[PDB]
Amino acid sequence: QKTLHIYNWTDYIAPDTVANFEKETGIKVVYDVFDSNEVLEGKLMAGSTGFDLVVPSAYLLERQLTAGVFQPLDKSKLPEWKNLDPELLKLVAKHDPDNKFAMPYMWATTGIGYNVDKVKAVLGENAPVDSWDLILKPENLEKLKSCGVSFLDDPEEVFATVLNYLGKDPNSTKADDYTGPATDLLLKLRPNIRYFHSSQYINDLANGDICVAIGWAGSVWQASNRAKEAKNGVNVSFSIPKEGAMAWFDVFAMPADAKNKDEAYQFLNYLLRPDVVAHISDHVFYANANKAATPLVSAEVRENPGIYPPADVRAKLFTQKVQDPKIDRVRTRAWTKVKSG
């Protein structure tokens, strides 16, 4: 009996990806899900996870390599590795030099999800939906307060977004930038923010309960697709704003103690087949990292520039740098202060 243990994000695979793999290979898959890097990180820190494959962000993977959590990938067992986009490989290699440990899976941005009709009702037909001004300018957010504003409960993404918007380094290593200007702006916005939460905004966008959110692109597009399938009249869109936004990459990696390594490599090379990961993107509305797969992605996903952004949009994106623990600690205390008001 061949077995394979996978730990992935929620809502991050097609319904039949596992079933098809089982039919093709005869391998029994045990598939478990998490919905935060914090849950994932806690299990990787405790070790003896029992997983053969896990899906960290490339950022988190960088933090764990020095701990020896992962083992290097034998690329000779991944003959379709050549299908991966070399530019995505280079971006992930900022966290994983020479792409030793991780296989790029999916990637997206942190932008603005919004209710088209409710935003235009409050701010007019020319509402600045192409700009972080839509939610980071206090006069705008005061007007959208009534239809509901959510921010991620994610200081790393929110502070980097605020710093970029203010003209600071999105990855500032200077503590005063977090405690001074970034906190000042967030404190001014905070009375207009209904909640800080990194998943309630998906259903709330889809049902019309909130009209603007900071959110992950594909999760906002899932909300939009849910509203369309429900025929409830709700029109959700997503903006990568003109000032730029954070891009991030989720990757497959193999825990150092993984028992089912041959099965794990079969699954990784299965994901490298163009139709497999194209079908996942079709269902979860995230861009995958496989350049061979792109033409196979449905046109409604492939041609969506908030999922597959073109060159002028990608040039404005920034990626997260790992900070000294001193900055981590400053961010955490400042975030506490912001949420409490």
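Residue numbers here begin at 1 and follow the sequence given.
- A summary of the deposited B-factors shows that, of 317-325 and 11-19, the stretch with the larger mean C-alpha value is 317-325.
- Higher mean CA temperature factor, per the PDB entry, when comparing 201-209 with 252-260: 252-260.
- The residue among 70, 308, 31, 285 whose C-alpha carries the highest B-factor in the deposited model is 70.
- Looking at 37, 290, 298, 304, the one whose CA carries the top B-factor in the deposited record is 37.
- In the PDB entry, residue 57 places in the middle third of its chain by CA B-factor.
- Residue 233: CA B factor in the middle third of modelled residues in this chain (values from the PDB entry).
- Sorting the modelled residues of the chain by their CA temperature factor places residue 180 in the highest third.
- In this PDB entry, residue 312 carries a Cα temperature factor that places it within the middle third of its chain's modelled residues.
- The deposited CA B-factor of residue 113 belongs to the lowest third of values across its chain.
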